[PDB]
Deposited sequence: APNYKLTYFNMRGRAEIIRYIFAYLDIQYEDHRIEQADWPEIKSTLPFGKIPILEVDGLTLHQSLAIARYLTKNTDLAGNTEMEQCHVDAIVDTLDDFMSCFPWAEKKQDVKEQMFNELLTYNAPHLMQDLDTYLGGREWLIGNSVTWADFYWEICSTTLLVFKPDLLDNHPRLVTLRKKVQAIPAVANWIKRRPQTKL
């Protein structure tokens, strides 16, 4: 077991997928949460100047999904075949693309853009996901993968700004319930610092 140190803000955000993975695999790690106020001099120290980063035995990794993928390699979270891994990867990038469209670090242009994405794109993404899932218990294959984790994670944040997101998609709510019922995840959820984002 190597020594892990995750660095991010005190929020779920882009680090949370890494945090679910560690919790599910029961891998001990240091969950380092920096203060908004300290982000300047921290940022200048990093190779690509962004967080989260994951230090592994003195080697600094970056890019939340590159890290997530690395940590789930050779686990039951990866998806069984090379094809399934493609589906896991595609679903995760689809969710990530959409979340990336929101101007998180913007103030009056921010509200317009949020509503554009939540009123136009969101229902379309929801319908596409529901169709893609259709009937299966999990998003890829017959067991849980880190794509299901990411669905639960991204949808939790989207529901903050659009509470009715899933009112007409009970099958996508069922997937959220299934992720939250995993004892390791339920346990993390109750223990993690409560944040809006």
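Residues of the deposited sequence that lack C-alpha coordinates fall in a single stretch, 107 to 108.
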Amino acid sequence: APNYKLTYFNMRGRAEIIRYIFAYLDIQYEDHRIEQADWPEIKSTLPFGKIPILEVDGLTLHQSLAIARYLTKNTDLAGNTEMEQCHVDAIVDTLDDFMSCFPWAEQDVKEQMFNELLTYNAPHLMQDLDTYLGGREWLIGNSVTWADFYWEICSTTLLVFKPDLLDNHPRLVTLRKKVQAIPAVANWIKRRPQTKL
From here on, numbers count along this sequence of modelled residues.
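Each form is matched to the other, and the largest set of C-alpha atoms that superpose within 1.5 Å is called the rigid core.
Root-mean-square C-alpha deviation from the shown form, taken over all structures in 6 other deposited structures of this protein superposed by the rigid core, is larger for 109 to 117 than for the alternative among 91 to 99 and 109 to 117. When the other structures are laid on the shown form by the rigid core, the stretch among 142 to 150 and 43 to 51 with the greater C-alpha deviation in 6 other deposited structures of this protein turns out to be 43 to 51. For the segment pair 182 to 190 and 169 to 177, the entry gives 182 to 190 the higher mean B-factor, averaged over Cα atoms. The mean C-alpha temperature factor is higher for 111 to 119 when 76 to 84 and 111 to 119 are set side by side. Comparing the listed residues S155, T145, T131, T60, the entry records the largest Cα B-factor for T60. Comparing the listed residues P163, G141, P52, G49, the entry records the largest Cα B-factor for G49.
For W151, the recorded CA temperature factor ranks within the lowest third of the chain's modelled residues. In this PDB entry, the Cα temperature factor of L95 sits in the bottom third of its chain's modelled residues, the lowest group.
Among the modelled residues of the chain, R136 sits in the middle third by CA temperature factor in this PDB entry. Split the chain's modelled residues into thirds by C-alpha temperature factor. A105 is in the highest one.
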